[PDB]
Each structure stands twice: as structure tokens, then as C-alpha cells.
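Here is the file model-v3.json (JSON, C-alpha atoms).
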[["chain", "number", "residue", "atom", "x", "y", "z"],
["A", 1, "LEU", "CA", 66.93, 102.98, 117.41],
["A", 2, "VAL", "CA", 65.65, 106.29, 118.79],
["A", 3, "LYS", "CA", 64.18, 105.74, 122.24],
["A", 4, "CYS", "CA", 66.88, 105.37, 124.90],
["A", 5, "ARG", "CA", 66.45, 101.62, 125.56],
["A", 6, "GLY", "CA", 70.04, 101.83, 126.73],
["A", 7, "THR", "CA", 69.73, 98.81, 128.97],
["A", 8, "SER", "CA", 72.82, 97.10, 127.53],
["A", 9, "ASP", "CA", 72.72, 97.56, 123.75],
["A", 10, "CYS", "CA", 74.33, 101.00, 123.61],
["A", 11, "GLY", "CA", 76.82, 99.58, 126.07],
["A", 12, "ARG", "CA", 78.20, 97.19, 123.45],
["A", 13, "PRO", "CA", 79.09, 99.68, 120.67],
["A", 14, "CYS", "CA", 80.46, 102.15, 123.21],
["A", 15, "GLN", "CA", 82.36, 99.50, 125.21],
["A", 16, "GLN", "CA", 84.62, 99.02, 122.20],
["A", 17, "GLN", "CA", 85.95, 102.47, 122.99],
["A", 18, "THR", "CA", 85.70, 102.63, 126.79],
["A", 19, "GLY", "CA", 85.59, 99.60, 129.10],
["A", 20, "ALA", "CA", 83.07, 97.87, 131.35],
["A", 21, "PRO", "CA", 81.80, 101.07, 133.08],
["A", 22, "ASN", "CA", 80.34, 102.43, 129.85],
["A", 23, "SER", "CA", 76.61, 103.18, 129.96],
["A", 24, "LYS", "CA", 74.20, 106.12, 130.27],
["A", 25, "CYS", "CA", 70.76, 107.01, 128.88],
["A", 26, "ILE", "CA", 68.77, 110.23, 128.54],
["A", 27, "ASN", "CA", 65.33, 110.92, 127.02],
["A", 28, "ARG", "CA", 67.11, 112.66, 124.15],
["A", 29, "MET", "CA", 69.37, 109.69, 123.33],
["A", 30, "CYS", "CA", 71.73, 106.97, 124.54],
["A", 31, "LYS", "CA", 75.12, 107.68, 126.12],
["A", 32, "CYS", "CA", 78.10, 105.92, 127.66],
["A", 33, "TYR", "CA", 80.89, 106.56, 130.19],
["A", 34, "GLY", "CA", 79.23, 109.46, 131.97],
["A", 35, "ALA", "CA", 79.86, 108.65, 135.63]]
As C-alpha cells, how would this structure be written, given the file I've shared?
Amino acid sequence: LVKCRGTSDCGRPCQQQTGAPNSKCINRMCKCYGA
């Protein structure tokens, strides 16, 4: 798991912490709650 692909997967692990509006992706890596 090292190629962004943050189309919804990263959103699951991170959602546990944050809520629904938790998703963000950058070449370097996946991210969440950044808006």
C-alpha cells in the first residue's frame, strides 16, 4: 500500500478518528481530513 490509491480505502482507517469528511491523497502518500 504505497501508491496513493486513496479513493476510499484510506478513508476507512482514518474515518475511525475523524468523520465522513475524511479523505486526501498526495503523490507522496495518503491523507485524511485536510479540507
Go ahead and fit an axis-aligned box to every listed atom of segment 4-18 of chain A plus 4 Å each side, and pass me the centre and edge lengths in Å, one decimal, as AutoDock Vina command-line options.
--center_x 76.2 --center_y 101.2 --center_z 124.8 --size_x 27.5 --size_y 16.3 --size_z 16.3
Report task. Please provide the set of residues having any atom within 8 Å of segment 9-22 of chain A, restricted to only C-alpha atoms, with same-chain residues fewer than 5 positions apart removed, written as number ranges by chain. Result -> A: 30-34
Query raised in the report: Near residue 28 of chain A, within 9 Å and counting all atoms listed in the file, which residues show up once chain neighbours fewer than 5 positions away are dropped, as a VMD selection string?
Result: chain A and resid 2 to 4
